[PDB]
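Structural features, examined
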Amino acid sequence: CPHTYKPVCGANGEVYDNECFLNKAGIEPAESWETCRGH
């Protein structure tokens, strides 16, 4: 994946550097950033 930084939130609550890494990690895109807020 390109090591650029355009962060995306995964349905597992984890924040990936970009869409490609989210995909590689086999994680569903979260519905919203609320999923990665921490509370």
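Calculation rules
Residues numbered from 1 in each chain as written, not as in the entry; some residues may be left out. Heavy atoms only, no water. Residues with missing side-chain atoms left out of burial classes, pairs and counts. Disulfide = S-S within 2.5 Å. Helix = DSSP H or I, 4+ residues; strand = E, 2+ residues; numbered from the N terminus. Buried < 20%, exposed > 50% of the residue type's maximum accessible area, 1.4 Å probe, protein only.

Header annotation of the entry names X-ray crystallography as the structure determination method and lists the resolution as 2.0 Å.

Scanning the model with the defined rule gives 2 disulfides in all. Residue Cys1 pairs covalently with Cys20 via a disulfide, S to S 2.0 Å. Judged by the torsion about the S-S bond (-80°), the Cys1/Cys20 disulfide is left-handed. Here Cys20 lies in helix 1 (residues 19-24) and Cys1 lies in the segment before strand 1 (8-9), a separation of 19 residues in the sequence. The partly exposed category is assigned to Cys20, whose relative accessible area is 30%. At a sulfur-sulfur separation of 2.0 Å, the disulfide partner of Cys9 is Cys36. Its S-S torsion of approximately 95° makes the covalent link between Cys9 and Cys36 right-handed. Of the two residues, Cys9 sits in strand 1 while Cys36 sits in the segment after helix 1, which places them 27 residues apart along the sequence. Comparing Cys9 with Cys36 shows no difference in burial state: the two are buried. What connects to what in the chain, once the bonded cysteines are numbered by sequence position, is 1-3, 2-4.

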